[PDB]
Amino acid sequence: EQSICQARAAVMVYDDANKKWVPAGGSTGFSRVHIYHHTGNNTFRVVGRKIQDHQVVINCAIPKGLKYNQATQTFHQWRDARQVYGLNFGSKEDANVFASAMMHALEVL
């Protein structure tokens, strides 16, 4: 697996029952978020680890056809059949880097 981008963001998941965003892994703070490319079968995954204690807070597949919503210039989100994910980026540059890699992955899938 090869990393195609690194971006700083607070990883959130939506708690629909309470209509509230909550920190991924239950750990508030920023993470280093990668998109990893597995060339063997041309698959991509979003993997993020807390800057402080290195806990993996997100490890989710990027499926072909995903709708990646750039809600704001610093908060992007997407959903799968089970959860809604949100990335509150530390800067617009981080958001642009990550969106570029995401949009690339969705183009080559």
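Numbers follow the displayed sequence, beginning with 1.
Peer 1: Between 52 to 60 and 37 to 45, point out the one with the higher average CA B-factor as the PDB entry records it.
Peer 2: The recorded data point to 37 to 45.
Peer 1: Could you settle it for me: does 76 to 84 or 28 to 36 have the higher average Cα B factor in the PDB entry?
Peer 2: Comparing 76 to 84 with 28 to 36, the higher mean C-alpha B-factor belongs to 76 to 84.
Peer 1: Relative to the other modelled residues of the same chain, rank the CA B-factor of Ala105 and answer lowest, middle or highest third.
Peer 2: Middle third by C-alpha B-factor.
Peer 1: Within this chain's modelled residues, let me know which third the CA B factor of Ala17 belongs to: lowest, middle or highest.
Peer 2: Highest third, going by the recorded CA B-factors of the chain.
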